[PDB]
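A.B. asks: sequence plus experimental coordinates follow:
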Amino acid sequence: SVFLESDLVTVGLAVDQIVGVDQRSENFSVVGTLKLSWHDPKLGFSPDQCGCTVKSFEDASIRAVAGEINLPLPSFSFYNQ
Amino acid sequence: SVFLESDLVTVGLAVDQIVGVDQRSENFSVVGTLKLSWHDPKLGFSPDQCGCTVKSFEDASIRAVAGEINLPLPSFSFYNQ
Amino acid sequence: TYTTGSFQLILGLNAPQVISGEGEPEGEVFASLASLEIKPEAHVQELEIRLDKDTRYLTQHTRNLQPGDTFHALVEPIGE
């Protein structure tokens, strides 16, 4: 591999319930779940410095975590939110 | 030029959808896109100090960026917001 | 599985302080890289790039190079 390759991301989405449709303002609301997964060696760590196999971040967006750890992460958004 | 000059700004706006009109309170709501462009040599930088060709700021208003970088920028507002 | 990463290696000769892991360099060298006696295979990639009016500057990052390796590059315009 001379030069570089883009990081591959797996995505999935599920719809649980349609909770409303607005026919005059032309919008609808939905409840569901989103999941992302990717592989990046720059995020790897050595267990002996923490004694753990899983490192976790909670109640934060991808942009916030990327800013805190100073590494590029695949942030996303809803286009018509 | 002996005298100082004003910086030239290019502006554009598009309307996507009219989403509501209130006939008693006399107001309306709209969804669209806005774009600005200008040229300022004081914002220029040298690529060899960052290894990048584009420097970006996200999720911030023009006033916040101007306050952070300590340079005057063309802030704007909606008159009848 | 195997593992990947960077490492720091400290070698000593008749220097018992090395096993503490804090040996500072001293004396005259005694060991050298073995690969500097040989050479490996080649990797080639070709890409097409365009410089627009507002995109006249472009940069690309390369993978890590091991000691002793060589790098070559060339650019040829499509037309005039």
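C.D. replies: Thanks, I have it. Residues are numbered from 1 along each chain as shown, chains lettered A, B, ... in the order given.
A.B. asks: got the end-to-end distance for stretch A:21-35?
C.D. replies: This stretch, stretch A:21-35, spans 25 Å end to end (CA to CA, to the nearest Å).
A.B. asks: then stretch C:73-80?
C.D. replies: With CA to CA, one end of stretch C:73-80 sits 21 Å from the other.
A.B. asks: does any part of that stretch sit near chain A?
C.D. replies: No. Applying CB under 8 Å from any CB of the partner chain, one finds stretch C:73-80 separated from chain A by no less than 10.4 Å. (Each C-beta comes from the backbone N, C-alpha and C, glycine too.)
A.B. asks: for chain C, what is the nearest residue in chain A?
C.D. replies: Among all residues of chain A, residue A:2 sits closest to chain C, at 3.5 Å; criterion: CB to the nearest CB.
A.B. asks: part of a strand, is residue A:42?
C.D. replies: No. Going by DSSP: H, G, I helix; E, B strand; the rest coil, the assignment for residue A:42 is helix, not a strand.
A.B. asks: and the gap between it and residue A:66?
C.D. replies: 12 Å (CB to CB, to the nearest Å).
A.B. asks: of these two, who's got more company?
C.D. replies: It is residue A:66, of residue A:42 and residue A:66, that has more neighbours when counted by other CB atoms under 10 Å in any protein chain shown, with 15 against 8.
A.B. asks: how about the more buried one, secondary structure?
C.D. replies: Using three-state DSSP, the structure places residue A:66 in helix.
A.B. asks: count the residues that sit near residue 21.
C.D. replies: I'll assume chain A. Residues near residue A:21, counting by other CB under 10 Å: 9.
A.B. asks: my bad, the chain I had in mind was chain C
C.D. replies: Neighbour count for residue C:21, taken as other CB under 10 Å: 8.
A.B. asks: SS state for the residue nearest to it when sequence neighbours are not counted?
C.D. replies: For residue C:21, ignoring the flanking residues on the chain, the nearest one in space by CB to CB, 6 or more residues apart in numbering or on different chains is residue C:10 at 7.0 Å. Going by three-state DSSP, the secondary structure assigned to residue C:10 is coil.
A.B. asks: any idea how many residues pack against residue C:10?
C.D. replies: Per other CB under 10 Å, the neighbour tally for residue C:10 reads 13.
A.B. asks: show me what residue of chain C gets nearest to chain B.
C.D. replies: Across chain C, no residue is closer to chain B than residue C:57, which sits at 4.6 Å (CB to the nearest CB).
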